[PDB]
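Note sheet for the following structure.
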Amino acid sequence: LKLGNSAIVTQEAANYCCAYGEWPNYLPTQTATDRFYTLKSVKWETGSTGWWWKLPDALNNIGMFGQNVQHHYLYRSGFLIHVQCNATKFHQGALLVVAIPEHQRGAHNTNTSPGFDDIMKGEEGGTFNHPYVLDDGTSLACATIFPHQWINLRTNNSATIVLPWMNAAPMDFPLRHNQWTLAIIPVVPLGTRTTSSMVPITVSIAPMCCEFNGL
Amino acid sequence: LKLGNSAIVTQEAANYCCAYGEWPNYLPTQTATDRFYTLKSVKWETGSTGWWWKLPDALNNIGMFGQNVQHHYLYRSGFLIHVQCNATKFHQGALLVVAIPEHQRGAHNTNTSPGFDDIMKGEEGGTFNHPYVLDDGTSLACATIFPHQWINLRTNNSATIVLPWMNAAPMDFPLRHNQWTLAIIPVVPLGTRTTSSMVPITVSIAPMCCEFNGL
Amino acid sequence: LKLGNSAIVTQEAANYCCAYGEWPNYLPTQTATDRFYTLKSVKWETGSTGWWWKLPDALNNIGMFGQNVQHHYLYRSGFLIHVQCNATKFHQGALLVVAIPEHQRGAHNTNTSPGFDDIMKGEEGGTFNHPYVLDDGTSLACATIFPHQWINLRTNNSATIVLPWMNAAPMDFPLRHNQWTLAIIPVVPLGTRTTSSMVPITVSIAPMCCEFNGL
Amino acid sequence: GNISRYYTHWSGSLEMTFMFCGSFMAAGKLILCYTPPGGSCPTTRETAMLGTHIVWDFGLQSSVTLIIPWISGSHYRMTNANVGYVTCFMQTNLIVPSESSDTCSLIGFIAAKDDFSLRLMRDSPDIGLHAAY
Amino acid sequence: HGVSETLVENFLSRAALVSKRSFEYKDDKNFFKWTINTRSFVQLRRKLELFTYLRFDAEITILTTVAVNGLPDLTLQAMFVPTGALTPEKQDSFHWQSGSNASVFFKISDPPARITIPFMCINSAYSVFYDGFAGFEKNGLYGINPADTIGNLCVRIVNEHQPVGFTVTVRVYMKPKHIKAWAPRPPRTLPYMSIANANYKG
Amino acid sequence: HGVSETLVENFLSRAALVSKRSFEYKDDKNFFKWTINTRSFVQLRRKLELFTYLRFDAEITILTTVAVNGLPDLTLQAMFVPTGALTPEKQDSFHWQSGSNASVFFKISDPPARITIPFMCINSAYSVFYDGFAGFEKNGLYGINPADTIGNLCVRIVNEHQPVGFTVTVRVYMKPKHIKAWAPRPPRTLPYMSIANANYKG
Numbered sequence: 016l017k018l019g020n021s022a023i024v025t026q027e028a029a030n031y032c033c034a035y036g037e038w039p040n041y042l043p054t055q058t059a060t061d062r063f064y065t066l067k068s069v070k071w072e073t074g075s076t077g078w079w080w081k082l083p084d085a086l087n088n089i090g091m092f093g094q095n096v097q098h099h100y101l102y103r104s105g106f107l108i109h110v111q112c113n114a115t116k117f118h119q120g121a122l123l124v125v126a127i128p129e130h131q132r133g134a135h136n137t138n139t140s141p142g143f144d145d146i147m148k149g150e151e152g153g154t155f156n157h158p159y160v161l162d163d164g165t166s167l168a169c170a171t172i173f174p175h176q177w178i179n180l181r182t183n184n185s186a187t188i189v190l191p192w193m194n195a196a197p198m199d200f201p202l203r204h205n206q207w208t209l210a211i212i213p214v215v216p217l218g219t220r221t222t223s224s225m226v227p228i229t230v231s232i233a234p235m236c237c238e239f240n241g242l
Numbered sequence: 016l017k018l019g020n021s022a023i024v025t026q027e028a029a030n031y032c033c034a035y036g037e038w039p040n041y042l043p054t055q058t059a060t061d062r063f064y065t066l067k068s069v070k071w072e073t074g075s076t077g078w079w080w081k082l083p084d085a086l087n088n089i090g091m092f093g094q095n096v097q098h099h100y101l102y103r104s105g106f107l108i109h110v111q112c113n114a115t116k117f118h119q120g121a122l123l124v125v126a127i128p129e130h131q132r133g134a135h136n137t138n139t140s141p142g143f144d145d146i147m148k149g150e151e152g153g154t155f156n157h158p159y160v161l162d163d164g165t166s167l168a169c170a171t172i173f174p175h176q177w178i179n180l181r182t183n184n185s186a187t188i189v190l191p192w193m194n195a196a197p198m199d200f201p202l203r204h205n206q207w208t209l210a211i212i213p214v215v216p217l218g219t220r221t222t223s224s225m226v227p228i229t230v231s232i233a234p235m236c237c238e239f240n241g242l
Numbered sequence: 016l017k018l019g020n021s022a023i024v025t026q027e028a029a030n031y032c033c034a035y036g037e038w039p040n041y042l043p054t055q058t059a060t061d062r063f064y065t066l067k068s069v070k071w072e073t074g075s076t077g078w079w080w081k082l083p084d085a086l087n088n089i090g091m092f093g094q095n096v097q098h099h100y101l102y103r104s105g106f107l108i109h110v111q112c113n114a115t116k117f118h119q120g121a122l123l124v125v126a127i128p129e130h131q132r133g134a135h136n137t138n139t140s141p142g143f144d145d146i147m148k149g150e151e152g153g154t155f156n157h158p159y160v161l162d163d164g165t166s167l168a169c170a171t172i173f174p175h176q177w178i179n180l181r182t183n184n185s186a187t188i189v190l191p192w193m194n195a196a197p198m199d200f201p202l203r204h205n206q207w208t209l210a211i212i213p214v215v216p217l218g219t220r221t222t223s224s225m226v227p228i229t230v231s232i233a234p235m236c237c238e239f240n241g242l
Numbered sequence: 100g101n102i103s104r105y106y107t108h109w110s111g112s113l114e115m116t117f118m119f120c121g122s123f124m125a126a127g128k129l130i131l132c133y134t135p136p137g138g139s140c141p142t143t144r145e146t147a148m149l150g151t152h153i154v155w156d157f158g159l160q161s162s163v164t165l166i167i168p169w170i171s172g173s174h175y176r177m185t186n187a188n189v190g191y192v193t194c195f196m197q198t199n200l201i202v203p204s205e206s207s208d209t210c211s212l213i214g215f216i217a218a219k220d221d222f223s224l225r226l227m228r229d230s231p232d233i234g239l240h241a245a246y
Numbered sequence: 052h053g054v055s056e057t058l059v060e061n062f063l064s065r066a067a068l069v070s071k072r073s074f075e076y077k078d087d088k089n090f091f092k093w094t095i096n097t098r099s100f101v102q103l104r105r106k107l108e109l110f111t112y113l114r115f116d117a118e119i120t121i122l123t124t125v126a127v128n137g138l139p140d141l142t143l144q145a146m147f148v149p150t151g152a153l154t155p156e157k158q159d160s161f162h163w164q165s166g167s168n169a170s171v172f173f174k175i176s177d178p179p180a181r182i183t184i185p186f187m188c189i190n191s192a193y194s195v196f197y198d199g200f201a202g203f204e205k206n207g208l209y210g211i212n213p214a215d216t217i218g219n220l221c222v223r224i225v226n227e228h229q230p231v232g233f234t235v236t237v238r239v240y241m242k243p244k245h246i247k248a249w250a251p252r253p254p255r256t257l258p259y260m261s262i263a264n265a266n267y268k269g
Numbered sequence: 052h053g054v055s056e057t058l059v060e061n062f063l064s065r066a067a068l069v070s071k072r073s074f075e076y077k078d087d088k089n090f091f092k093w094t095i096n097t098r099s100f101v102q103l104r105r106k107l108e109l110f111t112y113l114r115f116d117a118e119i120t121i122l123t124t125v126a127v128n137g138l139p140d141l142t143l144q145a146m147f148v149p150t151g152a153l154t155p156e157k158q159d160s161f162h163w164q165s166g167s168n169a170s171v172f173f174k175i176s177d178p179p180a181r182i183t184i185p186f187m188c189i190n191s192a193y194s195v196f197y198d199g200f201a202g203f204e205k206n207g208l209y210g211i212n213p214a215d216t217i218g219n220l221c222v223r224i225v226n227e228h229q230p231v232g233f234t235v236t237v238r239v240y241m242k243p244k245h246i247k248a249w250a251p252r253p254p255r256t257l258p259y260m261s262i263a264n265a266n267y268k269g
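Protein sequence lines correspond, in order, to chains C, C', C'', B, A and A'. A prime marks a further copy of an entry chain. Letter by letter, the first sequence follows residues 16 to 43, 54 to 55, 58 to 242 of the deposited numbering. Letter by letter, the second sequence follows residues 16 to 43, 54 to 55, 58 to 242 of the deposited numbering. Letter by letter, the third sequence follows residues 16 to 43, 54 to 55, 58 to 242 of the deposited numbering. Letter by letter, the fourth sequence follows residues 100 to 177, 185 to 234, 239 to 241, 245 to 246 of the deposited numbering. Letter by letter, the fifth sequence follows residues 52 to 78, 87 to 128, 137 to 269 of the deposited numbering. Letter by letter, the sixth sequence follows residues 52 to 78, 87 to 128, 137 to 269 of the deposited numbering.
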């Protein structure tokens, strides 16, 4: 976990997940963007429903990626996501760190589509309203059909998912279309005898193999 | 440029144009007609719209070609056209010397076809009324799809277009049907600080590979 | 003269000048900055005393060079300068396009040093007050000891000077210290019978072999 | 432009030739910049020289070809939107002698290159009778 | 690569409607006659006028619609009368039983009648444009080549007179095939003023 | 073994009803128009939304039912208007004789009209789900990919106006074929609220 001038000096570098068995390769203009972008940490509590970040919308205003997004016009990148959730041995809970291709959200109890402000949240990302249906009418129970990892705080504290290019098109618009949604849903809620248990979760997104067009 | 007892002793013998990549060959009765017929020079001014000559109508009353046209009955010839526009280094303007196959003209703002007198003009040729539509409803802008040359007075003063036999038939009636229209349209008008700038344009038409039938 | 996404499609690509017989090489972080930066054209008239541009001060706010100057902290670059002065065959005059290493200017008729505003002029550059002493007490007559070219409008219209790295240090501060001064002094003034003769001079500066440190 | 409106999806590289049609001794410099799709058209000569441009002295070179890179055409629609821009700014003044006309002209050309392609054929919206039965 | 869709064989061979005419049925005298050209509809006219010379075989499809002013099952004859032969002027003329004219006898209930007309010119291609005069004197018509006339498509109802009266709409669909094309031309930018000529209004 | 029945080619290629609409017949202005999508019926919608990307050719079967308000034998036209072309707005518009739109002319008495629409996207697959916006600004619609629009299927009665008035029910059966499928998704557990989006009530 050392990309660019960024580095994550963690410890328990457990197994990662190639999404759909695919590594990000270049398409046969290309150190600047290939670096970890550590987002702001979220506070996992006993009443947390979940967190999501859309890619590359979570990176379209950050650093050498967000400069190239707003200067170019086509992009093509994979992503290395490292989610790490640091807690003690007296915490408990399971997270489903799932990466969803083409997570078209739906709104709740209305026939109007979600707006631009409801979808494009940026570095803050969002929060699941109904995490049981994944906020799109499906199910959280079957969401392990997607590239996913588990963070059982009993067992492991980190999760790495390596995402390739998921598109029907060879390149794409970064400010229009999001291709991956990193979702972190607490399946088993957090617990230690203090009620105000507040375990932090840290998300680091390294865009691997960025290509661009149209400066 | 020396055919028959005629000769053009010009200087800047630049690149010529084989029309559609074809040289005039004989068809597998044939020095008399193969000579340059230098037409009367036209005066290019600031208000000129253009000039056209239909072939072989521009030659059907001139010399050993116009005798054989009015004595025979079928013809088959290519043409060597040399347009030369002599000016000083203080003149400006661009000509499109375009050779149009089967330039069926149209009349303007009427449903009646052009008459015999509107089409068969002879050695004098004609003048474009609406050169922007090429006097046939199309466009001057796309007229470089035809065999053409440019005369930018900044760059060159002459243009040579070598025309083969363009007909669906192997031979043809010269007094009935014209096959090529040499058109000279000033795209950029003429200019030098005198307002009465009057650059001459000289057209020389050598009928190459004339055959005849029916004396 | 084609560097980067820039190109100078001139014609009379005459002889260039390697300054002191040296070509810019890299020092044994490095397409983005290596491009021509065409400055605004100056108007050469009969009363012109001359123009100067300090390097890299003339480029410290322009493009991918001026971004890297204001983000990094050390630089090391050569320069390709192409001065072109387009006029007719009825103009006359000679320019001394001289590139001066370490042109420490002096002020006139005072003992106070030149200020920051008198030296760091930017893309506009400056104008010689006393071009005969080169605005530093020396002489214009002996200024051909520096890397120079002549533009006699009778003979040539352009001048190319290739500048290497001129410093006692291996790298340098771009916002503090200027290393080359491109100076264009009309030795023979401009002349054609109109008195308001206004020949343009175009300066294009391509920073060759840019290196940087300290992002 | 006309034969592409018989097809729905075009893709390929274009080329623009610009031809200067002033007098022989007319001198000057233009700056032909190319703006990629999605980027904004420049309004100043300084913004144009920061993009992909060419500094064309037409003092003796009266033709410049400008290769427009591979686009893919119908991939940029929400109605065709924006495919880019080719602008031109003055760099110098037009310098003519006193016997040449002080107004000179440019003409521009466009052809498609050999990687150009057209697919899904439709009808042309260009065309929309007097005088057989 | 992708070049096989802008082939001229693919650019031009589409079965476009070239003639739609209704005719009635009582005691063009109540039959269909159409001079086989291509200048009837301006969408097909402008595509073929991108070229100077064309050489194609035509593939005529005839689609008959009936509507009574309970639809009857009727036999139609569709006779191709080439240039040199004589067309009918009446529904019950003797030219409908020509031994040499290519007739086709079809029903309303059938699939549509399809025949292929060959390349019918005496020259090697049809002149789409003709910078010439048809007559040997000055009274000839400009833009008309006598070599390029295909012929006429004469369609009648074979059945004798019936008590009911109905309208027979005949849609003719021509697909050119084996297209060869020569010397491309600029597209027409102005509207057409007539089918006889290339006049233009502005 | 038995794995050849849960193949995605076998799982998805069934000729399901994708559109049933009646239209009347008097002096959608009395014709059929259907935007070729798959979200009309929730049984087929939920099967295709088990996937993220699909690449299929469609096989449209058109089944025409007539009932007069003694059944007549009528010609129908069924024209596929791809994305880029212009659809009819009237029964007697000029777009029904488009040379380039793929029309099919069929009768009531015939076997049902069957055509194959190819893979029509400008991308390599249809996005069943689109986490993006169609317009280049904030007013664009969410979940709509401009690349994925098949086109429209416009069906009319070719015949001119008749004395009797009847109802023409057009059943459209689409069998996807040559199905390739990518990245499977969880099945939808809640009912659909709209065809435009994935909203959910609970």
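Don't be surprised by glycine CBs; every beta carbon is placed ideally from N, CA and C.
Distance from the CA of C/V230 to the CA of B/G172, rounded to the nearest whole angstrom, comes to 38 Å. Uninterrupted alpha helix (DSSP H) stretches at least 4 residues long and entirely within the stretch 60–103 of chain C occur at 90–98, given in chain order. Residue state for A/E60 is assigned as helix, using DSSP reduced to three classes. Think of a sphere of 8 Å around the beta carbon of C''/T182: no beta carbon from chain B falls inside it, the nearest being about 15 Å out. Counting along the chain, the unbroken alpha helix (DSSP H) around A/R105 starts and ends at 101–107.
Note on C'/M147: 16 or more other CB atoms within 10 angstroms of its CB, so buried under the neighbour-count rule. Around the beta carbon of C/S224, a 10 Å sphere encloses 16 or more other beta carbons of the protein chains shown; the residue is thus reported as buried. In the three-state scheme derived from DSSP, where H, G and I count as helix and E and B as strand, C/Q176 is classed as strand. At a cut-off of 8 Å between beta carbons, C/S140 contacts chain A'. Within the stretch 139–173 of chain B, no residue has its Cβ closer than 9 Å to any Cβ of chain A.
A/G53 has a beta carbon lying within less than 8 Å of a beta carbon in chain B. The alpha-carbon separation between C'/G153 and C'/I89 amounts to approximately 17 Å.
Look at C'/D163: its C-beta is under 8 Å from a C-beta on chain A.
Close to C'/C169, with beta-carbon spacing below 8 Å, are these residues of chain B in chain order: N101.
Relative to B/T116, the option among B/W155, B/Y106, B/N199, B/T151 whose CA is nearest is B/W155. The beta carbon of B/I216 does not come within 8 Å of any beta carbon belonging to chain A, so the residue lies off that interface.
Residue-level contact check: B/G121 does not touch chain C, since none of the beta carbons of chain C fall below 8 Å from its beta carbon. By the neighbour-count definition (other C-beta atoms within 10 Å, threshold 16), B/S139 is an exposed residue. Here the alpha carbons of C'/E150 and C'/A126 stand approximately 16 Å from one another.
Taking a beta-carbon distance threshold of 8 Å, A/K92 counts as an interface residue toward chain B. Distance check between A'/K157 and each of A'/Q144, A'/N89, A'/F200 places A'/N89 closest, using alpha-carbon atoms only.
Taken through DSSP and simplified to helix, strand or coil, C''/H135 comes out as coil.
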